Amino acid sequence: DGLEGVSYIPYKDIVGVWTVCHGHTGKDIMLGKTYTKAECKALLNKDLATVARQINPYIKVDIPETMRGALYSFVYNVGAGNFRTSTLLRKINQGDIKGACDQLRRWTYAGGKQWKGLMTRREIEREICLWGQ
């Protein structure tokens, strides 16, 4: 029972890049292969671990494990080099969770990319914002 909006067979995106599962790209993709749900989750695990490797040095405080997972999903979608990522991490490091929530809530109705992964953008907002309350 495949998830809505997940392609289990690799396809070329608009800019010509092979993609599969939760927006996975990379030289590891097997063209023509029908991926299982478990394999798609393994690719997501691999991609989020890569995000974590990039941003962990910039997370300087202990945070709830749910907030951590939310941050990895955020960065996976928005990009580690985006100023939005830098400002979000800085606010969390400072304990300005309300400020982090405010930042995220500007984008609630943007509605751009398909958010990739098993979390939704609203779930990320909820995770950070519910700690600000």
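A residue's number is simply how far along the shown sequence it sits, counting from 1.
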Can you tell me which stretch has the higher mean Cα B-factor, 38-46 or 91-99? 91-99
Comparing average C-alpha B factors as deposited, tell me which of 17-25 and 115-123 sits higher. 115-123
From the entry's CA B-factor values, the highest among 78, 31, 51, 104 is 31
Relative to the other modelled residues in the chain, which third contains the C-alpha temperature factor of residue 84: lowest, middle or highest? middle
